[PDB]
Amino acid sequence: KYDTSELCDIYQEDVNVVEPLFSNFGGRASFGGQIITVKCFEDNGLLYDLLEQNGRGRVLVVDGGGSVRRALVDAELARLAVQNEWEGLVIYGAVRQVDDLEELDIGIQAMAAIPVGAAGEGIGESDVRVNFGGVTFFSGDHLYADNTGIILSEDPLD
């Protein structure tokens, strides 16, 4: 559905490219849509509150501070996102239960896996300016990702 390479050829400099630090973990090889940013650290309470809303055509971009000590997303939360039609999740942190994640019809990009789950006190901020992988994100921007990489741009692409 989304070929980031071709998109890069077409839109050239009008698109930002994320450093190659991520890999697919979800059941979808590629995905994209309008983003909603979240800023948290080893706590996915907010992620739950946000994924509780419908997300068709939307991608959750999580600035998890890059922590690989706690997984922000696991099978349950991923199932909630699928429940509410989210296109995908981009976690600047880690995921969990990878085997099960590969079976969920949703895109998931993260830096690594770790068996320990994050807390759920819901601390953090949503819809704020976040930056990671040498890229600044804002709710409203549009992101596209596939097995080759991840790109961000203000306007939708297609």
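Numbers for residues come from their place in the sequence shown, where the first is 1.
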* To do: Could you check the entry and say whether 124-132 or 60-68 has the higher mean CA B-factor?
  => 124-132
* To do: Can you let me know which of the two, 114-122 or 29-37, has the higher average C-alpha B-factor in the entry?
  => 114-122
* To do: Please work out which residue in 44, 97, 109, 54 has the highest C-alpha B-factor recorded for this crystal structure.
  => 54
* Structure fact -> Binned into thirds over the chain's modelled residues, the C-alpha B-factor of residue 73 lands in the lowest
* **Position of residue 7 among the chain's modelled residues by C-alpha B-factor, lowest, middle or highest third** => middle
* Would the CA B-factor of residue 152 place it in the lowest, middle or highest third of its chain? -> middle
* Check where residue 141 lands among this chain's C-alpha B-factors and tell me if it's the lowest, middle or highest third. => lowest
* Split the chain's modelled residues into thirds by Cα B-factor; is residue 91 in the lowest, middle or highest one? -> lowest
